[PDB]
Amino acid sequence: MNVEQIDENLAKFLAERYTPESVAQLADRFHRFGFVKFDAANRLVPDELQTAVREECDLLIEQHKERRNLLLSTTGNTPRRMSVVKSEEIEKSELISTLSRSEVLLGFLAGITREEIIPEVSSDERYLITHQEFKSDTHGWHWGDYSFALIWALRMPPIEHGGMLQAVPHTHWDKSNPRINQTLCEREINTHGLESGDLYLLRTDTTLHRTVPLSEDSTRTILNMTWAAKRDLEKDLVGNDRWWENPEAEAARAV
């Protein structure tokens, strides 16, 4: 119930599973792949907490889903074909908004990032829900404006139907000249399959990533909590490409 109670409980949940040594091994993996998964073997939150977060997200989707179907010029015209729930609607959730600022959760994850995780991001990008449900729905190749995202894989299709996360770490976002396909020609793609209930941390500014299009009608739902690193602060947003908040963004080209 009380926000101090979830923090107090989460602190114990993590202390039952992690040591400074094992977190340092997760930090190595995060640096190597841009990505670290918390699955059935290595949980991040109590199952009752994730259940509460999923049910709140199910409600926001029912009440506020907005279909997007566009190409984004700042990422080489890669597609966005999904429904979204905007950040300002998600922020009305006391659970999601407080958990996304938990000193316990941010303090734990900073041992994986090896730097301070700062909950000071543009108010249109604190949270995002994506809800894919039709064949060929996809979150096309892109980067993030900020350093970090904790992605909740709330509902995942069987791997045979797509929806895996593909990633190329150790890259960067040149919005004037993204060179996405030339980068794929130069770099190996790592494909990360996900199961419902998984969570994963993603270094979104230096990891080029997409979700594999759904091969048939199927449900893929995630919650993205975005955070900044120090390098993101006092840096100006550019690109006029904030399509999830504004489907009429200058860089969005509708289909």
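A residue's number is simply how far along the shown sequence it sits, counting from 1.
Determine, for stretches 140 to 148 and 87 to 95, which one has the higher mean CA B-factor as deposited. Mean C-alpha B-factor is greater for 87 to 95.
Mean C-alpha B factor from the entry: is it higher for 217 to 225 or for 29 to 37? Taking the mean C-alpha B-factor of 217 to 225 and of 29 to 37, the larger value falls to 217 to 225.
Which one of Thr75, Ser176, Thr171, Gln166 shows the biggest C-alpha B-factor in the PDB entry? Of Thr75, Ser176, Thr171, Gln166, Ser176 has the highest C-alpha B-factor.
Out of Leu44, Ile189, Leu208, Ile61, which shows the largest CA B-factor listed in the entry? That would be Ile61, according to the entry.
Should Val121 be placed in the lowest, middle or highest third of its chain by the C-alpha B factor in the entry? Top third by C-alpha B-factor.
Going by the recorded CA B-factors, say which third of the chain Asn246 sits in, lowest, middle or highest. Answer is highest: the recorded C-alpha B-factor places it there.
Lowest, middle or highest third of the chain for the C-alpha temperature factor of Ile159? Top third by C-alpha B-factor.
Chain thirds of CA B-factor: placement of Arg67: Its C-alpha B-factor, which the entry lists for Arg67, ranks in the highest third among residues of this chain.
Considering every modelled residue of the chain and its Cα B-factor in the PDB entry, is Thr19 in the lowest, middle or highest third? It falls in the bottom third of the chain.
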